[PDB]
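Colleague: Have a look at this one before I ask anything.
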Amino acid sequence: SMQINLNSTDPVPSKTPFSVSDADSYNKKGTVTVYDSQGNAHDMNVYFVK
Amino acid sequence: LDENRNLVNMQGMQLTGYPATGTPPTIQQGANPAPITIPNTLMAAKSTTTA
């Protein structure tokens, strides 16, 4: 569970579609972590294009 | 600054932060804030492509 709120003065991210971390390609970034059965951890990035 | 110039308190512990990265450095608000370093670095010889 992760919740976001936005203001719509944002443009199209000029470089569309989104890509991992190129700076113009997302209106916001989000991060959250998950787990698996080995006991590892992954980190997830969440991005928004509007 | 520590001797790596990672910012630390009286007991060497790293003052984590949201990293301005990319070029120009852009605030990664919401990335895991982690140990922040102020190391001196060359001012990149980057072109005058548009002036």
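Residues in the structure tokens are numbered from 1 in each chain, the chains being A, B, ... in the order shown, and ligands are numbered from 1 in the order shown.
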Return as a tab-separated table the residues of chain B lying at most 12 Å from chain A, together with the closest atom-to-atom pair for each and the distance in Å to one decimal, counting only C-alpha atoms, with rows in chain order and ascending residue number.
Modeller:
```
residue	atom	partner	partner_atom	distance
B:20	CA	A:23	CA	11.0
B:21	CA	A:23	CA	9.1
B:22	CA	A:23	CA	7.2
B:23	CA	A:23	CA	8.8
B:24	CA	A:23	CA	9.9
B:25	CA	A:23	CA	9.7
B:26	CA	A:23	CA	7.7
B:27	CA	A:23	CA	9.9
B:28	CA	A:29	CA	7.7
B:29	CA	A:29	CA	7.5
B:30	CA	A:30	CA	6.0
B:31	CA	A:31	CA	5.9
B:32	CA	A:31	CA	7.6
B:33	CA	A:31	CA	10.9
```
Colleague: Would you save the residues of that selection, restricted to N, CA and C atoms, as a JSON list (two decimals), in the first residue's frame?
Modeller:
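Result file out22.json:
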```
[["chain", "number", "residue", "atom", "x", "y", "z"],
["B", 20, "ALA", "N", 20.05, 14.53, -4.36],
["B", 20, "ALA", "CA", 20.04, 15.23, -5.64],
["B", 20, "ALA", "C", 21.02, 14.54, -6.58],
["B", 21, "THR", "N", 20.51, 13.91, -7.64],
["B", 21, "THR", "CA", 21.35, 13.15, -8.56],
["B", 21, "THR", "C", 20.96, 13.49, -9.99],
["B", 22, "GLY", "N", 21.69, 12.92, -10.93],
["B", 22, "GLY", "CA", 21.57, 13.33, -12.31],
["B", 22, "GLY", "C", 22.42, 14.57, -12.56],
["B", 23, "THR", "N", 22.08, 15.28, -13.64],
["B", 23, "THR", "CA", 22.85, 16.46, -14.01],
["B", 23, "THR", "C", 21.97, 17.49, -14.70],
["B", 24, "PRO", "N", 21.74, 18.66, -14.08],
["B", 24, "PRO", "CA", 22.08, 19.03, -12.70],
["B", 24, "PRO", "C", 21.47, 18.08, -11.68],
["B", 25, "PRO", "N", 22.09, 17.94, -10.51],
["B", 25, "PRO", "CA", 21.51, 17.07, -9.47],
["B", 25, "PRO", "C", 20.05, 17.38, -9.18],
["B", 26, "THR", "N", 19.21, 16.35, -9.26],
["B", 26, "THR", "CA", 17.77, 16.48, -9.09],
["B", 26, "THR", "C", 17.33, 15.67, -7.88],
["B", 27, "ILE", "N", 16.44, 16.24, -7.08],
["B", 27, "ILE", "CA", 16.12, 15.71, -5.76],
["B", 27, "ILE", "C", 15.36, 14.40, -5.94],
["B", 28, "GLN", "N", 15.94, 13.30, -5.45],
["B", 28, "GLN", "CA", 15.26, 12.01, -5.46],
["B", 28, "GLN", "C", 14.34, 11.88, -4.26],
["B", 29, "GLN", "N", 13.38, 12.80, -4.13],
["B", 29, "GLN", "CA", 12.45, 12.78, -3.00],
["B", 29, "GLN", "C", 11.71, 11.46, -2.97],
["B", 30, "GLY", "N", 11.93, 10.68, -1.92],
["B", 30, "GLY", "CA", 11.28, 9.39, -1.80],
["B", 30, "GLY", "C", 12.15, 8.19, -2.11],
["B", 31, "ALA", "N", 13.29, 8.37, -2.76],
["B", 31, "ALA", "CA", 14.27, 7.29, -2.81],
["B", 31, "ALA", "C", 14.78, 7.09, -1.36],
["B", 32, "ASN", "N", 15.24, 5.88, -1.05],
["B", 32, "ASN", "CA", 15.76, 5.62, 0.28],
["B", 32, "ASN", "C", 16.84, 6.64, 0.57],
["B", 33, "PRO", "N", 16.61, 7.51, 1.56],
["B", 33, "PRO", "CA", 17.70, 8.45, 1.80],
["B", 33, "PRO", "C", 18.86, 7.70, 2.43]]
```
Colleague: Neighbouring residues of residue 16 in chain B were defined as those with any atom within 7 Å, considering only C-alpha atoms; residues of the same chain fewer than 2 positions away were excluded. Please report them as a PyMOL selection string.
Modeller: chain B and resi 14+33-36
Colleague: Which polymer residues have any atom within 12 Å of an atom of residue 11 in chain B, counting only C-alpha atoms, with same-chain residues fewer than 3 positions away left out, as a VMD selection string?
Modeller: chain B and resid 1 to 2 7 to 8 14 to 15
Colleague: Using the selection just defined, write its residues with N, CA and C atoms as a compact mmCIF listing (two decimals), in the first residue's frame.
Modeller:
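Generated file (part-v4.txt):
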```txt
# COMPACT_ATOMS: atom_id res chain seq x y z
N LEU B 1 32.01 16.55 8.27
CA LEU B 1 32.42 15.61 7.23
C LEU B 1 33.32 14.55 7.84
N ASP B 2 33.09 13.28 7.48
CA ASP B 2 34.10 12.27 7.77
C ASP B 2 35.23 12.40 6.76
N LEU B 7 28.70 12.88 5.50
CA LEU B 7 28.31 13.66 6.67
C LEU B 7 28.01 12.73 7.83
N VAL B 8 28.58 13.04 9.00
CA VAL B 8 28.40 12.21 10.18
C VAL B 8 28.20 13.10 11.40
N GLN B 14 25.99 8.04 9.77
CA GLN B 14 25.76 8.75 8.52
C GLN B 14 24.41 9.47 8.54
N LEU B 15 24.44 10.78 8.29
CA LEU B 15 23.22 11.58 8.19
C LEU B 15 22.59 11.33 6.83
```
Colleague: Just list as a PDB file with N, CA and C atoms, in the first residue's frame whatever in chain B DSSP marks as strand (DSSP E or B).
Modeller:
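Now in result_33.pdb:
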```
ATOM      1  N   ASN B   6      31.569  11.832   3.842  1.00  0.00           N
ATOM      2  CA  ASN B   6      30.202  11.499   4.197  1.00  0.00           C
ATOM      3  C   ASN B   6      29.854  12.230   5.485  1.00  0.00           C
ATOM      4  N   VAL B   8      28.583  13.037   8.996  1.00  0.00           N
ATOM      5  CA  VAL B   8      28.401  12.213  10.183  1.00  0.00           C
ATOM      6  C   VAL B   8      28.203  13.103  11.400  1.00  0.00           C
ATOM      7  N   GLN B  14      25.995   8.044   9.768  1.00  0.00           N
ATOM      8  CA  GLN B  14      25.758   8.755   8.517  1.00  0.00           C
ATOM      9  C   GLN B  14      24.412   9.470   8.536  1.00  0.00           C
ATOM     10  N   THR B  16      21.614  10.422   6.790  1.00  0.00           N
ATOM     11  CA  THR B  16      20.999  10.031   5.530  1.00  0.00           C
ATOM     12  C   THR B  16      20.176  11.176   4.950  1.00  0.00           C
ATOM     13  N   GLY B  17      20.027  11.168   3.629  1.00  0.00           N
ATOM     14  CA  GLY B  17      19.314  12.238   2.956  1.00  0.00           C
ATOM     15  C   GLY B  17      18.736  11.786   1.638  1.00  0.00           C
ATOM     16  N   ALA B  20      20.045  14.528  -4.361  1.00  0.00           N
ATOM     17  CA  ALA B  20      20.035  15.225  -5.637  1.00  0.00           C
ATOM     18  C   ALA B  20      21.015  14.535  -6.576  1.00  0.00           C
ATOM     19  N   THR B  21      20.511  13.911  -7.639  1.00  0.00           N
ATOM     20  CA  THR B  21      21.350  13.150  -8.556  1.00  0.00           C
ATOM     21  C   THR B  21      20.959  13.492  -9.986  1.00  0.00           C
ATOM     22  N   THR B  26      19.211  16.353  -9.257  1.00  0.00           N
ATOM     23  CA  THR B  26      17.771  16.482  -9.090  1.00  0.00           C
ATOM     24  C   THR B  26      17.332  15.667  -7.884  1.00  0.00           C
ATOM     25  N   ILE B  27      16.445  16.244  -7.079  1.00  0.00           N
ATOM     26  CA  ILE B  27      16.122  15.708  -5.759  1.00  0.00           C
ATOM     27  C   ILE B  27      15.358  14.400  -5.935  1.00  0.00           C
ATOM     28  N   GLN B  29      13.380  12.799  -4.133  1.00  0.00           N
ATOM     29  CA  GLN B  29      12.455  12.784  -3.005  1.00  0.00           C
ATOM     30  C   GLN B  29      11.710  11.460  -2.969  1.00  0.00           C
ATOM     31  N   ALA B  31      13.291   8.366  -2.764  1.00  0.00           N
ATOM     32  CA  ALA B  31      14.274   7.294  -2.809  1.00  0.00           C
ATOM     33  C   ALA B  31      14.783   7.090  -1.355  1.00  0.00           C
ATOM     34  N   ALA B  34      20.084   7.897   1.935  1.00  0.00           N
ATOM     35  CA  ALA B  34      21.229   7.126   2.428  1.00  0.00           C
ATOM     36  C   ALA B  34      22.424   8.027   2.711  1.00  0.00           C
ATOM     37  N   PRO B  35      23.572   7.437   3.081  1.00  0.00           N
ATOM     38  CA  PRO B  35      24.668   8.326   3.476  1.00  0.00           C
ATOM     39  C   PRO B  35      25.046   9.315   2.384  1.00  0.00           C
ATOM     40  N   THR B  37      27.516  12.221   0.798  1.00  0.00           N
ATOM     41  CA  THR B  37      28.913  12.617   0.726  1.00  0.00           C
ATOM     42  C   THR B  37      29.027  13.963   0.028  1.00  0.00           C
TER      43      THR B  37
END
```
Colleague: Could you give me, as number ranges by chain, the residues within 10 Å of residue 12 in chain A, counting only C-alpha atoms and dropping anything in the same chain fewer than 4 positions from it?
Modeller: A: 16-17, 24-27, 49-50
Colleague: Output N, CA, C and O atoms for every residue in the selection just made, as a compact mmCIF listing (two decimals), in the first residue's frame.
Modeller:
```txt
# COMPACT_ATOMS: atom_id res chain seq x y z
N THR A 16 8.64 10.26 -23.39
CA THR A 16 7.73 9.16 -23.11
C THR A 16 8.01 8.01 -24.08
O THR A 16 8.34 8.25 -25.25
N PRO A 17 7.89 6.74 -23.67
CA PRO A 17 7.42 6.24 -22.36
C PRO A 17 8.45 6.37 -21.24
O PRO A 17 9.61 6.73 -21.45
N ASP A 24 13.55 13.42 -16.86
CA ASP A 24 12.35 14.09 -17.36
C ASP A 24 11.18 13.14 -17.56
O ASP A 24 10.07 13.61 -17.83
N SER A 25 11.40 11.84 -17.43
CA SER A 25 10.47 10.83 -17.92
C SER A 25 9.43 10.40 -16.90
O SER A 25 8.87 9.31 -17.03
N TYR A 26 9.15 11.22 -15.88
CA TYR A 26 8.14 10.84 -14.90
C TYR A 26 7.72 12.08 -14.13
O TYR A 26 8.56 12.93 -13.81
N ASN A 27 6.43 12.19 -13.83
CA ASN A 27 5.94 13.34 -13.09
C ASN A 27 6.19 13.21 -11.60
O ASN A 27 6.13 14.21 -10.88
N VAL A 49 3.32 8.97 -15.20
CA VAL A 49 3.35 9.73 -16.45
C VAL A 49 1.92 10.10 -16.70
O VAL A 49 1.07 9.23 -16.77
N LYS A 50 1.62 11.38 -16.83
CA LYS A 50 0.23 11.81 -16.97
C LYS A 50 0.01 12.77 -18.11
O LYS A 50 0.91 13.51 -18.49
```
Colleague: What is the CA of residue 39 in chain A to CA of residue 18 in chain B distance in Å?
Modeller: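 Taking CA of residue 39 in chain A and CA of residue 18 in chain B, their separation equals 26.7 Å.
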Colleague: With only C-alpha atoms as the atoms that count, which of A:41, A:34, A:46, A:2 lies nearest to residue 19 in chain A?
Modeller: A:46
